[PDB]
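Now for the letters of each chain:
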Amino acid sequence: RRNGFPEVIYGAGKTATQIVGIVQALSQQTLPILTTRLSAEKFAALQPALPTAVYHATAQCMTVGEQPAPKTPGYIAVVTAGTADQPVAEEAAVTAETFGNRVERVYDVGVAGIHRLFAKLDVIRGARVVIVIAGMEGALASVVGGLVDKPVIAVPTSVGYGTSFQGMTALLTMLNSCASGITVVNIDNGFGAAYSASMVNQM
Amino acid sequence: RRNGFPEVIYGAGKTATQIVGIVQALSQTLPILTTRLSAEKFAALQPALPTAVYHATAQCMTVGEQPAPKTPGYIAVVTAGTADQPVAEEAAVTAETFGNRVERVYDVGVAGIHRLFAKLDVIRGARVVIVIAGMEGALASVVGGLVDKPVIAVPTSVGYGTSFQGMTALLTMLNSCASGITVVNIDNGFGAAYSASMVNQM
Amino acid sequence: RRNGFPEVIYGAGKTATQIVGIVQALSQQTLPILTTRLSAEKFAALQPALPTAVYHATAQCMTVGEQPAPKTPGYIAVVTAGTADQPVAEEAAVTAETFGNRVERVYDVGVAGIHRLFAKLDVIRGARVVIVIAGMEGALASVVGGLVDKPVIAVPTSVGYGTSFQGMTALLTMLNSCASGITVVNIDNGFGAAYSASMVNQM
Amino acid sequence: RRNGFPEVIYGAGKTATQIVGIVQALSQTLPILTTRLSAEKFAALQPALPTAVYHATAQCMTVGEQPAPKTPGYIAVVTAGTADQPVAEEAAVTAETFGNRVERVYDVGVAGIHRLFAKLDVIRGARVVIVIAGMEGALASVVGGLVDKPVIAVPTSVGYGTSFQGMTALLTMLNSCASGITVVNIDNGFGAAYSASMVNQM
Amino acid sequence: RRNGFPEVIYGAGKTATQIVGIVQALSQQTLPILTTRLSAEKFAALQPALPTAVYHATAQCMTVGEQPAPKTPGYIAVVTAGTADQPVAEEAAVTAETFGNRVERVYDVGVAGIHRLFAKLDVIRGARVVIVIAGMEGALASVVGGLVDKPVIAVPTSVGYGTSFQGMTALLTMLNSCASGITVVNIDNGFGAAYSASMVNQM
Amino acid sequence: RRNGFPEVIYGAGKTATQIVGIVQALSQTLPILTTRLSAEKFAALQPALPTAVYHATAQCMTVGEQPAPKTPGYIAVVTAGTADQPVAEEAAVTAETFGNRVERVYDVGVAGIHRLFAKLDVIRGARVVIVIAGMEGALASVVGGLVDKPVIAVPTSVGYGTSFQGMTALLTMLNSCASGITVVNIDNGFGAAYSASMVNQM
Amino acid sequence: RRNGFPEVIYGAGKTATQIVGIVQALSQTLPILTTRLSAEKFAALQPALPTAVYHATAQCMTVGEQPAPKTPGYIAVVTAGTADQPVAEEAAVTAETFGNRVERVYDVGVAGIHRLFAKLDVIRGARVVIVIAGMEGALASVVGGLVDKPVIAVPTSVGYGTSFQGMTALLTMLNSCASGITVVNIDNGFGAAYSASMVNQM
Amino acid sequence: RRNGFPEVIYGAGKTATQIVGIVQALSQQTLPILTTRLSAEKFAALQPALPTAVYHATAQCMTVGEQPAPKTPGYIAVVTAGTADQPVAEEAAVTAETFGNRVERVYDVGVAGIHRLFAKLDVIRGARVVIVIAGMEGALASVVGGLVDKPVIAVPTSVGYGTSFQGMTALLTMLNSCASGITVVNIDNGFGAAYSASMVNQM
Ligand SMILES: [Mg+2]
Ligand SMILES: [Mg+2]
Ligand SMILES: [Mg+2]
Ligand SMILES: [Mg+2]
Ligand SMILES: [Zn+2]
Ligand SMILES: [Zn+2]
Ligand SMILES: [Zn+2]
Ligand SMILES: [Zn+2]
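### Notes on the overall build of chain B
(1) Moving on: Within chain B, the secondary structure is distributed over eight helices and nine strands.
(2) Moving on: Over its C-alpha trace chain B gives a radius of gyration of 17 Å, about what one expects of a compact globule, namely 17 Å for 202 residues.
(3) Moving on: Its C-alpha atoms give chain B principal-axis dimensions of roughly 45 × 40 × 25 Å.

### Overview of the coordination of the zinc ion (ligand 6)
(1) Moving on: The coordination sphere of the zinc ion (ligand 6) contains the protein donors C:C178 (SG), D:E136 (OE) and D:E136 (OE), at a distance range of 2.2 to 2.7 Å. Remark: D:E136 occurs in the loop between strand 7 (128-133) and helix 6 (138-146) and C:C178 occurs in the loop between helix 7 (168-175) and strand 9 (182-184); the pair is interchain, linking two chains.
(2) Moving on: A relative accessible area of 3% places D:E136 in the buried class.

### Thoughts on the interface of chain F and chain E
(1) Moving on: Each side of the interface is counted separately: chain F has 19 residues, and chain E has 21 residues.
(2) Moving on: Here the element with the most residues in the side of chain F that touches chain E is helix 6 (residues 138-146) of chain F; it accounts for five residues.
(3) Moving on: Among the residues making up the side of chain F that touches chain E, the classes are represented as 11 nonpolar, seven polar and one charged.

### Description of helix 8 (residues 189-200) of chain D
Residues spaced three or four apart along an α-helix point in a common direction, a consequence of the helix completing one turn every 3.6 residues.
Residues and elements named next belong to chain D.
(1) Moving on: End to end, helix 8 covers 16 Å across 12 residues, agreeing with the expected 16 Å (1.5 Å per residue, within 8%).
(2) Moving on: By the criterion of burial, helix 8 is predominantly enclosed, with 12 of the 12 residues buried.
(3) Moving on: Buried residues of helix 8: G189, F190, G191, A192, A193, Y194, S195, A196, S197, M198, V199 and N200, and no others.

### Thoughts on the arrangement of the chains
(1) Moving on: Between chain A and chain E there is no contact, and the shortest C-alpha to C-alpha distance separating them is 15 Å.
(2) Moving on: Contact between chain C and chain H is absent, and the minimum C-alpha spacing across the pair is 15 Å.

### Brief notes about the domain arrangement of chain A
Residue and element names in this part refer to chain A.
(1) Moving on: Each assigned domain of chain A is listed with its residue range as follows: domain 1 (7-64) and domain 2 (75-201).
(2) Moving on: In this structure, domain 1 and domain 2 have C-alpha centres spaced 26 Å apart.
(3) Moving on: Contacts between the two partners involve nine residues from domain 1 and, on the opposite side, nine residues from domain 2.
(4) Moving on: In this structure, the connection of domain 1 to domain 2 is made through zero salt bridges.
(5) Moving on: On inspection of domain 1 and its partner domain 2, the count reaches one residue pair in polar contact.
(6) Moving on: Breaking the side of domain 1 that touches domain 2 down by element, the ones donating at least two residues are strand 2 (33-36) and strand 4 (61-64).

### Looking at the pairing of strand 5 (residues 75-80) of chain H
Residues and elements named next belong to chain H.
(1) Moving on: A large share of strand 5 lies buried, amounting to six of its six residues.
(2) Moving on: Here strand 5 shows no split at all, with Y75, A77 and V79 on one side and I76, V78 and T80 on the other all buried.
(3) Moving on: Pairing analysis gives five bridges linking strand 5 to strand 6 (residues 102-106), with the strands arranged parallel. By the bridge assignment for strand 6, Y75 is matched with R102.

### Remarks on the sheet that holds strand 1 (residues 7-10) of chain H
All names here are of chain H.
(1) Moving on: Reading across from one edge, 1-2-4-3 is the order of the four strands in this open sheet, with mixed pairing throughout. At either end of the open sheet lies a strand with only one pairing partner, and these are strand 1 and strand 3 (53-56). The mean angle between the axes of side-by-side strands here comes to 20°, regardless of whether they run parallel or antiparallel.
(2) Moving on: Here strand 1 runs beside strand 2 (residues 33-36); their pairing, made up of four bridges, is parallel.

### Some remarks on the interface of chain A and chain G
(1) Moving on: Facing the 27 residues of chain A at the interface are 30 residues of chain G.
(2) Moving on: Taken together, the elements giving at least two residues each to the side of chain A that touches chain G come down to helix 7 (168-175), strand 9 (182-184) and helix 8 (190-201) of chain A.

### Regarding the packing of aromatic side chains
(1) Moving on: For the coordinates displayed, the defined rule picks out 52 aromatic pairs over all chains.
(2) Moving on: Aromatic pair G:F117 and H:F118: ring centres 5.5 Å apart, planes at 85°, arrangement edge-to-face. Of this pair, G:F117 sits in helix 4 (residues 114-118) while H:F118 sits in helix 4 (residues 115-119), which puts the two residues in different chains.
(3) Moving on: What makes G:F117 partly exposed here is its relative accessible area of 29%.

### Thoughts on the sheet that holds strand 2 (residues 33-36) of chain E
Residues and elements named next belong to chain E.
(1) Moving on: Spatial strand order, 1-2-4-3: four strands in an open sheet with mixed pairing. The open sheet is flanked by strand 1 (7-10) and strand 3 (53-56), the only strands paired with a single partner. The mean angle between the axes of side-by-side strands here comes to 20°, regardless of whether they run parallel or antiparallel.
(2) Moving on: Against the sheet, helix 3 (residues 86-98) engages strand 2, strand 3 and strand 4 (61-64), with an angle of about 15° to strand 4.

### Comments concerning the pattern of salt bridges
(1) Moving on: Counted by the stated rule, this structure contains 32 salt bridges over all chains.
(2) Moving on: The partner of E:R105 in a salt bridge is E:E97, with the nearest N and O atoms 3.3 Å apart.
(3) Moving on: Take E:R105: its relative accessible area is 32%, and that puts it in the partly exposed class.
(4) Moving on: When its relative accessible area of 27% is taken as the criterion, E:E97 is described as partly exposed.
(5) Moving on: Where G:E90 meets G:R36, a salt bridge forms, and the shortest distance between an N and an O atom there is 2.4 Å. Here G:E90 is found in helix 3 (residues 85-97), whereas its partner G:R36 is found in the loop between strand 2 (32-35) and helix 2 (39-43), with 54 residues between them in sequence.
(6) Moving on: A single salt-bridge network, built from bridges that share partners, covers A:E90, A:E97 and A:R105.

What counts, and where the lines are drawn
- Residues numbered from 1 in each chain as written, not as in the entry; some residues may be left out.
- Chains lettered and ligands numbered in written order.
- Heavy atoms only, no water.
- Residues with missing side-chain atoms left out of burial classes, pairs and counts.
- Helix = DSSP H or I, 4+ residues; strand = E, 2+ residues; numbered from the N terminus.
- Rg over C-alpha atoms; globule rule 2.2 N^0.38 Å.
- Donors = N, O, S within 2.8 Å, 3.2 Å for Na, K, Ca; no water.
- Buried < 20%, exposed > 50% of the residue type's maximum accessible area, 1.4 Å probe, protein only.
- Contact = heavy atoms within 4.5 Å.
- Nonpolar A, V, L, I, M, F, W, Y, C, P; charged D, E, K, R; others polar.
- Expected span 1.5 Å × (residues − 1).
- Domains from an automatic or database assignment.
- Salt bridge = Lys/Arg side-chain N within 4 Å of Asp/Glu carboxyl O.
- Polar contact = N/O pair within 3.5 Å; in protein donor to acceptor, adjacent residues only side chain to side chain.
- Pairing = 2+ DSSP bridges.
- Axes fitted to C-alpha atoms, helices over the stretch in contact; angles between N-to-C directions.
- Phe/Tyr/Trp six-rings, centres within 6.5 Å; stacked < 30°, edge-to-face > 60°.

Quick look at the structure:
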């Protein structure tokens, strides 16, 4: 199963020592190695062991090794509604770049001020895949889906106030988009979106 | 009493004979509005109330002559899709019956959003904006951020699957009230127009 | 976009330093500046920098600058069912006064003792807009809506016991009011209600 | 046995023939009450049980003569709207069948609350109060705070949109039990009257 | 409004000082005074001020004054399914005794072992009102309701595991009791049940 | 293959012609069971499959002769009310078709619980107990605590209001599995009997 | 405009006359697809649009000739059961109308999983895989882990009891997106094929 | 009621002293004694008193005494989807072994990599009862149910991310299994599954 994909470790349930055991075993230059959902403290416990490792604080991700160069010319656009979407957005962007994709970040363009979205519309329309990340309202996916004729993958986030229902509302909003060409992943699953986006980008 | 408001009958649960009794008793008020009045129920009603007008799409019935606008400004009724039109007309007929000029801005949902910008001057020129949308109710958020007038958003129960009979649109519109948006219950085109009329006539 | 509205900062996601940067940039006497959802500790970190700032503890709001005088004669009435509604009520009242409205506070008139509501009925009926704030039961909006012929904006609060469902029950109760002329915002969104109320009051 | 309580048949799921079998077998008890009995099912039943009375609005059927009140005091059945009347009559017919005087206080919902104060003396004079309401069920809270007698609140499934088939009214009434209010299931006019009768006849 | 009921203070939202102010104001021998939902720490802050006060730890209630004697001969039976129901059961029992009722405690008779319920059936059937308190399953109300021909008031508790949904399941179970003569209050509202039970007991 | 289990057809979504095609193709297995088969669909089916038996209450259809019990012990099917009988018969017909002796213990819900104790020896003598209940599903908890044999509980969708189409009974039965109870989906009388048969024939 | 995509009409809420108006106006585009078109509505439509083809199972209607595949690769439409076939055909007809070769892999749900392995080479050879499943939607998880191509999963509303009109399948499929799976709304066979076509034609 | 079952103590609500009182009372060699849902700290408070007791950290269970030998030849298979299922899996396995069953552990065979499940299929098919334990997706029960013709008892776990809804999704997935012969218990109830499995295994 040499799909060319880097090795991925889900560090939510793994200990800081348990992770080190996997990384040194996969340090046979198989590929670069991505570790997701890695707490900042858990990286502190790991850094003396892997001094050549890079931690992405906001994304809570850790990469060891450097992917050589983008595998494909096309890029993925990661679009977010607000600043509260920065963590899972960064998780999606770090995953896509680790998987060999160029990534264009289009942050803070929610529909409360829509000129910000129109200012960066040429960048979004030029992508081969667009990942839309939004919470509170999450209506941005429907607006983006109606403005681009490229695959859109929508990520609901759990940044909630009141009836946000820990991201449930954003999830339902994305599933019921009037605009077609939108497809959805589970709440906060920025990694998964980038995994699917990367497959689409590299055909 | 004598505070301008016409009498309103909710005909969803009331029988066609009961409606005649309420209307015949109240013909001693100027206009009378009846909401959620099925097309069959109006057929059973028309021989008895000959001065009545039925609004097919709105499922509303008026007896008496509709007044002329008491206020210069108008109310804009903005709708996302063609499905959303029944409840839109229910709001628009109520607003006109309460003495407000109504501007209809229909079928401008965000699946094609250039249509909304084409009619943006009309919406910004309103004193109150009623936004009517189903499925993902995202039209309310876009309008709320583009105008600086009170917006009342109406979620509709038109949609399929996880629309949850309008719940998704209702929750979507509720998650954007900091932008000047306020919300009414699902399909409640009457209630929105009732509030819009109070705001419009200040 | 000179709507005359003061500048508003949502301090839930902003840091105490990040806020200071925005306030000093908007200290070009554009208008007074309101900051919402500002924790008491976060204000402590900010006060040495803005010594001319006023913190409203219960409202968790911060205003810098003083709006000159009410822009309109009419007033907004802020009506609450119980003492547990005081925080979001104060957030609504501080927002409306910062936006240039006179505000009349009618607190603790829930329907468990309804004479208290009738005692202050002349004050509520005299308003141009009424904001009703209630949790636990939230039936007060339907009672107020049936007693006034002016716009009512209902705010559900998340002060819950058991089946209160963190304010969901109060939200559903307000949406299904038998009394007409009621309009609703999301849970705890006292700011938003005052924003809509202010637009109605100043026509 | 011989504890005063009449026999009760739930006719919602039972067939019109099965009901005759249960009634004909039990005509060896004094009165017999049957609840949720459709109008069509009574037509199929009337030639067989000639001594039976159907209560159209209540969808109830009694065989045998209704007793006279065993207790001086009465039960008050308070309702918010005209829609709420079917389940109100279901409770009132049950309460009368169980030997209680019933006082009907109908159509006093809080959309016009002066109507409730007009009938306040009648409600306070009851020994038990049954409150019946739909939509926002807010009538139960107002009554619970105004009387110092047990209140049993019945949520009804009449309403539209987010009424959730009576859930909103049920939750609203449940959030006010500290005031002397107790709650039964949606549309359960029988159950409320069954409890009210036990309380009334102490 | 001299209903003869003692004064009741809901101490969930009141401070330990705020409570002392109310108690000394109502210390005009109006009646005994009950305080509900009073944390153990909050009572520690209050006890130096009211040395003649009694705290009921499990019930989290505080009574000052002693009601003279039961107002009525009849008693209320407080029935619980398990030991986890002891707090709200005690809140109901302390409220009923403070309101002038004799109370018979029938604890730990859940239907997992039903002989325990049958052992105390004569006590339960002899009551004038029965309060049934149950969580996890809450099926005990339907069993009790089918065994007694006296008013049953059912209290759902929020002692939950998994699908218990913080007492929602027990609440729905009680509302749908096949046995008639059952009436329901909100989750954990042992006070409210005793308030309604006391009115029924004293007719 | 040849593991004793008869072939099973789910006829809820399958057409009356499609069923004949599946049955006619499989008549090359010993018995064939078809579940959720409407009464009208069997009328359209009977001229084509003349060796078939319809079980009206169970809405099941068997082709082929029902085997004799392969095991001495029996399965007990315990039901709370008369409404619960259709899904009870669906389970009982499946269990008999799979070669198990079935003992029916019907209408013993806890509204009158002496009835259950009258039949307690029969239930304790079973090797597996299937409990079928709606509304509050409390019968499963009482049985689970009284017998020391596997209990499989079936929630039914019969009930009104907050029954939530059987959700309340399902959750009630799920909150008592520590007592030896296990649960299947709402109305799934087949699934319970399928598991009971595997347990009974050990 | 001129971006390859055919015009799409949602005929669920639109009337049979309104559809003719939209189609007759747009016959000035190459193909036109109409979704959720009832069989009765097509009968009322056929005398007016004689060049139209109805796809009974898919409830779709095409006017104009279906193009030939613009791309070598094909899309695989994988389904769990025979019930799932209508929405599967809705996706497959859309995909073929958008110019993609479609490979149908039907009735391979995990109740018998050898069937899926029999057709595993066909699925792995696709460029995009659409998985269609109801009840427990577990087929999407198995496929997502076996192929290294984009998988779009469609939950269907076919099922009984706690299926919750497809919610259980939707949530099940959403809990496995880390494996290369992406999800659309319940019954939304069109939406999946719309996205699959964009991915397939890169 | 000499069913031969060991005595079981639910230590979630019992104190460390309260447990010691029950164990010494049941130390009349009635059988071995199992204690479930026992926190690691609560065992520390208990160990000086029962020095012959065995704590199962992952299972959070405590057994005192040693069951003599398996009561039946047949074994129960405990199958899990991921490592996050290890706690309730161990609770089920420790309960079944304490009740006198041989237990075969088949861990980490979720359908994200299904060859792992096929590698151990002979072990699973050889069982007399299979307990399937899964969260996140919980689709493994339907796959196992369709592969074995023996009783399957499915346990949903509350190891959740986003829309996992604290195990609700896994519970609904298991109840709606297309594969027949599956039966379900409440969330995290590994004990209950083993209790039912043990009865089936020992016929
Ligand atoms: Mg605005
Ligand atoms: Mg009272
Ligand atoms: Mg047992
Ligand atoms: Mg993959
Ligand atoms: Zn839209
Ligand atoms: Zn009302
Ligand atoms: Zn029952
Ligand atoms: Zn399946």
